[PDB]
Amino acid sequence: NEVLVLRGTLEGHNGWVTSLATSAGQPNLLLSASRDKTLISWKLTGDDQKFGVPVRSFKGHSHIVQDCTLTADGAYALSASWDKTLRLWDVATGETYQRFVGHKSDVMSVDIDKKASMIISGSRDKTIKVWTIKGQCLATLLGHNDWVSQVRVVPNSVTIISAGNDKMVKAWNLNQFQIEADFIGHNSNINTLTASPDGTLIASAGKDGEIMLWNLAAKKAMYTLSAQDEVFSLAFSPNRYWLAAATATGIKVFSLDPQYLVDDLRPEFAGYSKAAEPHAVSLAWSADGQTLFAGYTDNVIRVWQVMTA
């Protein structure tokens, strides 16, 4: 008796909302990144026709901000930018504490370990970099033969996973700075990947809309879910066996146990033309899993909540 219901919007960005992040420490805080070169922290009220408001603007990047995340406590933000750098921000003030310089091209992805002791990034320079929180590059991981689109830390000795336009998904052992597993099977550019909260599964997808699920430990492919259209973002529910996928035609929410389509979220748009309908390119679940945030190509964040029918 549970459905996803459109609750409201968060307006304030002036470019595609490319990335979203929530935090367990601050369940009322949302972080967003945009092609408008900025990030925005939001205060969530969840009230009427204004689910929340912008509290801070994070300005400093000279190009598109592609990815962002918050530390566990929500005190700090990380951003990856096409300007070839990452920045660590003080969420309270909106200031940049540290710059991360080293990539030779667009930085497409950023993530951080649970201890918030080291930072990982992916770039169109084909490399993955490991940094200290003080902005010092420690090492560069080589193996991808094309752009790296996304890098993520696997929840659990740190293990990360990456995907790129070489159709490869890779797991790396940071204790060795070496490849742990090659996941072959994608036939198209991979836009996004993510690890299940228990760190046992990998989900990855891109252009052809094929969402491949991998058994990390066994280093094997399990099955593929057809989303039909290009997938831009994937996000496992923190508390449900649900996998949300932002696609060119809507947000498909898959139940994995048992297997069925929870929903295909498709908002009604203005009167845009069909040809020009905006779509979601970013996703984030709230810590409690009762809220799903999605950033769109019309600069708007849309908010769904799990309610009783």
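Each residue number is its position in the shown sequence, starting from 1.
Report, from the record, the number of residues in the deposited sequence between residue 156 and residue 157 that have no coordinates, as none, 1 to 3, 4 to 9, or 10 or more.
Unresolved stretch here: 4 to 9 residues.
In the PDB record, does 169-177 or 215-223 carry the higher mean Cα temperature factor?
According to the PDB entry, the answer is 215-223.
Return whichever of 261-269 and 65-73 has the greater mean Cα B factor according to the PDB record.
Per the deposited B-factors, the answer is 261-269.
Taking the values straight from the PDB record, which of 183, 100, 82, 147 has the highest C-alpha temperature factor?
Within the set 183, 100, 82, 147, 183 shows the top C-alpha B-factor.
Just grab whichever of 194, 105, 187, 117 has the top CA B-factor as deposited.
Of the candidates given, the C-alpha B-factor peaks at 117.
In terms of the chain's CA B-factor thirds, is residue 35 lowest, middle or highest?
Lowest third.
Would the CA B-factor of residue 209 place it in the lowest, middle or highest third of its chain?
Middle third - that is where residue 209 ends up once the chain's C-alpha B-factors are sorted.
Mind checking which third residue 122 falls in for C-alpha B-factor across the chain?
Answer is lowest: the recorded C-alpha B-factor places it there.
Residue 287: which third of its chain by C-alpha temperature factor?
Highest third of the chain for residue 287's C-alpha B-factor.
Select lowest, middle or highest to describe the third in which the CA B-factor of residue 111 falls within its chain in this entry.
It belongs to the lowest third of the chain when residues are ordered by C-alpha B-factor.
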